[PDB]
Every structure is written in structure tokens, then in C-alpha cells.
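Everything in the sequence shown is counted per the UniProt record's numbering, starting at 19 for the first residue and increasing by one.
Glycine residues also receive a C-beta, built at the ideal position from the N, C-alpha and C atoms.
Single-structure report; data block below.
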Amino acid sequence: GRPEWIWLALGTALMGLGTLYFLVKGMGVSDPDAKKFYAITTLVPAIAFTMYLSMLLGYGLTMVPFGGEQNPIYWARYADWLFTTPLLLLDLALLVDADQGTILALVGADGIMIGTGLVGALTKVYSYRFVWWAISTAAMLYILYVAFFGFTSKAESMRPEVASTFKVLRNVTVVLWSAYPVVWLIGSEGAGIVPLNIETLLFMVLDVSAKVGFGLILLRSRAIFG
Ligand SMILES: *C/C=C(C)/C=C/C=C(C)/C=C/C1=C(C)CCCC1(C)C
Ligand SMILES: CCCCCCCCCCCCCCCC
Ligand SMILES: CCCCCCCCCCCC
Ligand SMILES: CCCCCCCCCCCC
Ligand SMILES: CCCCCCCCCCCC
Ligand SMILES: CCCCCCCCCC
Ligand SMILES: CCCCCCCCCC
Ligand SMILES: CCCCCCCC
């Protein structure tokens, strides 16, 4: 009965219901282009649902000694993010017809971001936790830079309605993704200022917005149709 369980339960509900709704809508669509966006976007909260559910049931949690104490760390978050973050970037790349080499570079950077974040989260020497955090944050900023400058440039060649939908999704992505390193820094994995229950609340609001919110915006747009 960990106090953060309530937010894990609410995250589970929200991701579950989001997945179900996207699946129902997606299965009804016949346009092949729209179907690809549905397939990618439905998978995102589906993966998050399984990881939130696992954490709700007491899995994906480990104790890491640092700063003279035994600290609880939810590593299952990284398993979710390893797969869902590149899927979200793929949605954006597909909207703007980004180059294959750009997608490869972003997916590589994304793997670095999640992998070094996880190594950070598991590191037993307090100061070194922040070296890995800094490397992960640098990878994230490379991603946001490309999604902001590179993808907008590509969007300028698309019809205005596709460009408009892209810009809303780009803006949501920049605002939400840039919060994650700060929550990590001040929370359980970092400085230990924000207690685990509140941190779990914060990550739940961010996760639901970045996956279900993002998905609602994308999947209700005419932009996904070919
Ligand atoms: C659905 C989940 C989303 C959109 C998650 C995004 C998560 C990140 C951008 C995480 C970034 C991190 C850093 C920038 C450094 C510290 C650890 C990471 C994983 C939290
Ligand atoms: C023409 C070139 C150059 C370069 C580059 C710049 C630098 C740096 C950094 C950082 C960050 C971020 C992010 C973005 C976005 C919204
Ligand atoms: C006393 C010592 C040193 C430390 C640290 C810091 C460097 C912070 C640079 C952050 C780059 C992302
Ligand atoms: C005596 C100490 C030294 C240190 C520090 C630091 C500055 C490193 C800044 C790195 C920025 C990327
Ligand atoms: C598209 C060619 C540019 C490739 C740059 C790859 C980059 C970077 C990464 C990251 C991390 C710390
Ligand atoms: C893939 C990036 C690997 C960078 C290694 C840096 C070593 C950190 C010293 C604690
Ligand atoms: C001794 C702590 C400083 C380690 C610096 C690691 C450099 C990271 C390379 C990207
Ligand atoms: C806006 C948050 C500031 C409060 C941080 C905390 C603590 C003592």
C-alpha cells in the first residue's frame, strides 16, 4: 500500500480507456494512411497501460542505495518510455514526411536518452547519477531541436491543415517533454525534494497528456487521411 498507488491506479485507468477508445476508432477507419497513424498511436497508451498496471501491482520497483539511504526507484517507467517515446516521434515524422536518416538519428538519440536516464536512475554514487542525467538531457535537447527546427521546416511543404496539426502536436511535445528532466532532478531519482507520491502524480499527468492528449489531437484531425 504505497501512497503513490492512487496515481498509478488513475494512470492505469486513463491509459486503458484511451487505448480502448483509439482502438475502436482505428478499427472503424478504412483509409490506409489514417490506419498507420491509428496503429502507432493506439500502441502508445497500450504499452503505458501495461507498465502502469505492472507498477500498480508492485512490479518494476527496486531499491537503490545512494546518499546514505535505500531509495525506491520505479524502473518500469523506462521500459514504457523506451518504446513509447520513439513511437510518438514517428507520428510527428510521418506527419511531415521527414527523411529516413532523420528518423534513424532521432530514434538513436531517443534510445540514448532513455538508456542513460535508466543508468542514472540505478547509479549508486550520488554525484554520478547527475552525469547520466545530464547526458540524457543533452540527448533530449537534440531531439527537441530537430522536432522544433527540422520538422517545422519539413511541415512548411505540407498542406496548411497538416502543418497546423503538426504545430499543435510539436508544441505539446516540447512543453511536456521538457518537464521530465526537471521532475527527475527534483524528485526521487535526483535531489529527493519532491516525495515519490507527488512525483508519481506529476509523471502521471505528463504521461497521460503526452500519450492520450497527443493521441486525441492527432486522431481527430483530417491531417492523418491520405
Ligand atoms: C509517454 C512518455 C513520454 C512522452 C515521456 C517522455 C520522457 C522523457 C522525455 C524523459 C526524459 C529524461 C531525461 C531528459 C533525463 C532524465 C531521465 C529521463 C528518462 C526522464
Ligand atoms: C545551425 C545551427 C545550430 C545550432 C545549434 C544549437 C544549439 C543548441 C541547443 C539547444 C537546445 C535546444 C532546444 C530546443 C528547442 C525547442
Ligand atoms: C564542484 C564541482 C562541479 C561540478 C559540476 C558541474 C557541471 C554542471 C554542468 C552541466 C552540463 C549539462
Ligand atoms: C575544482 C573544480 C572544478 C570544476 C568545474 C567545472 C566546470 C565544468 C563545467 C562543464 C560544463 C559542460
Ligand atoms: C542526421 C545526421 C545527424 C546525426 C547526429 C546524431 C546525433 C546525436 C546525438 C546525441 C547525443 C547525445
Ligand atoms: C553512449 C554515451 C556514453 C557516455 C559515457 C560517459 C561516462 C560517464 C562517466 C560516469
Ligand atoms: C568525474 C565526473 C565527470 C565525468 C564527466 C563525464 C563526461 C560525459 C561525456 C559525454
Ligand atoms: C513551486 C514549488 C516550490 C516549493 C518547493 C519546496 C519546498 C520545501
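Listed by position in the chain, the residues whose beta carbon lies within less than 7 Å of some heavy atom of ligand 6 are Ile130, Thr134, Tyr146, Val149, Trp150 and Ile153. Apart from the 5 residues on each side of it in sequence, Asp109 sits with its Cβ closer than 7 Å to the Cβ of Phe55, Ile58, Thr59 and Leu236 in its chain, given in chain order.
Judged by DSSP secondary structure, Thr80 falls within the beta strand (DSSP E) whose first and last residues are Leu79 to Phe84. Separation of the CB atoms of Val230 and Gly36 is rounded to 4 Å, and the pair is thereby assigned contact status at 8 Å. Each residue's CA atom was taken as its position, placing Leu105 and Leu112 some 10 Å apart. Partner residues in a beta bridge of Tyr163, as assigned by DSSP, do not exist. Cβ atoms of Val192 and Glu217 stay farther apart than 8 Å, at about 22 Å.
Closer than 7 Å to some heavy atom of ligand 1: that does not describe the Cβ of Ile235.
In this structure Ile153 does not touch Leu124 by the C-beta definition: roughly 17 Å separates them, more than the 8 Å allowed. Around ligand 2, the residues selected by a Cβ distance under 7 Å to any of its heavy atoms are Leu159, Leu162, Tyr163, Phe166 and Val192, following chain order. Residue pairing by DSSP puts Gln88 in a beta bridge opposite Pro83.
At a cut-off of 7 Å, the beta-carbon of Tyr198 counts as near ligand 1: some heavy atom of the ligand is closer than that.
Here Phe169 is not near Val82, since their CB atoms are 8 Å or more apart. Considering only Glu22, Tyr39, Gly129 and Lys53, the residue with the shortest C-alpha distance to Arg240 is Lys53.
Ranked by how close their Cα comes to the Cα of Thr155, the residues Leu136, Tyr39, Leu220 and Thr183 have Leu136 in first place.
Under the criterion of beta carbons closer than 8 Å, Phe84 and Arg20 do not qualify as touching, at roughly 19 Å. Distance from the Cα of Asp225 is smallest, within the candidate group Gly208, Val190, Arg238 and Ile242, for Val190.
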